[PDB]
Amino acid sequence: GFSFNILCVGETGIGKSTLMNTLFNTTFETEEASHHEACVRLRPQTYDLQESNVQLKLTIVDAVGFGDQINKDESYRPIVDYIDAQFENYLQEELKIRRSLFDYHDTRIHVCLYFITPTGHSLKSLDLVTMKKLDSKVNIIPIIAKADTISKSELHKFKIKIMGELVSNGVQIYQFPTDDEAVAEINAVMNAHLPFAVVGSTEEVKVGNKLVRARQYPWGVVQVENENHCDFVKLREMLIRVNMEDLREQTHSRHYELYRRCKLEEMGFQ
């Protein structure tokens, strides 16, 4: 029984709401955004559900209107303002004389799913700028959205150019844990498959003799849970209780502690 806070950062209409509904095998009521939002708005929605035998208080945070403005210089600021606000309210709890840490609702972002549009080249200018502002504050999981757009040969070379650009620019992304020996080999291939090439769909297409979530084209059927088609099953493995707990621990012991050092020295503590 714990909270889990997912931050979705992607361009408008990239498939964020769909992929959320596909990951949890449900549907969270959200509204389609327009492209004419003056600023990026951070919109959170909290849901009480059970995933992987956990009483989950899930908060899905959407950066509304990302990538829509003609001028996108400080597009990251509303996102950092939200992330920093949750670090701030948590630090206030620690600084209380009479505290209540066990009843406290942890609102800190534990995952950031960064949807990369499948252009087929490298990274956009907005992806590089924003991820560099977020990599020391959230656990970034880069994903290639609408991956049913990219053929397997293009996707292979596309992943390499994306990862190569994160390395050369020094973007720290999340890494699935390799410490415990039971999940060493499996997490090694989870990290090796980043960025995950995902496809989201809640519509059910009959394939053979089964109703499977998929997208129906005149030329074929993209099965969401087919690992030859996309990496949705691999991404969903972040929702097992082991990986959720690690994403929360890194959030606390690394990103929050870095914020904490900065705030406390700003406040005057030694």
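All residue numbers refer to positions in the sequence shown, first residue = 1.
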Open item on the list: Quick check on the record: does 36 to 44 or 220 to 228 carry the larger mean Cα temperature factor?
Closed with: 36 to 44
Open item on the list: Quick check on the record: does 98 to 106 or 137 to 145 carry the larger mean Cα temperature factor?
Closed with: 98 to 106
Task: 166, 160, 83, 189, ranked by C-alpha B-factor: the highest one - done: 189
- [ ] Specify which of 184, 116, 113, 131 carries the largest Cα B factor in the deposited PDB entry.
- [x] 184
- [ ] Please rank the C-alpha B-factors of the chain's modelled residues and tell me whether residue 78 sits in the lowest, middle or highest third.
- [x] middle
Open item on the list: Splitting the chain's C-alpha B-factors into thirds, which one does residue 20 fall into?
Closed with: middle
Task: Chain-relative CA temperature factor third for residue 127 - done: lowest
TODO: Looking at the entry's B-factor column for C-alpha atoms only, identify whether residue 241 ranks in the lowest, middle or highest third of its chain.
DONE: highest
Task: Third of the chain's Cα B-factor distribution that residue 60 belongs to, per the entry - done: middle
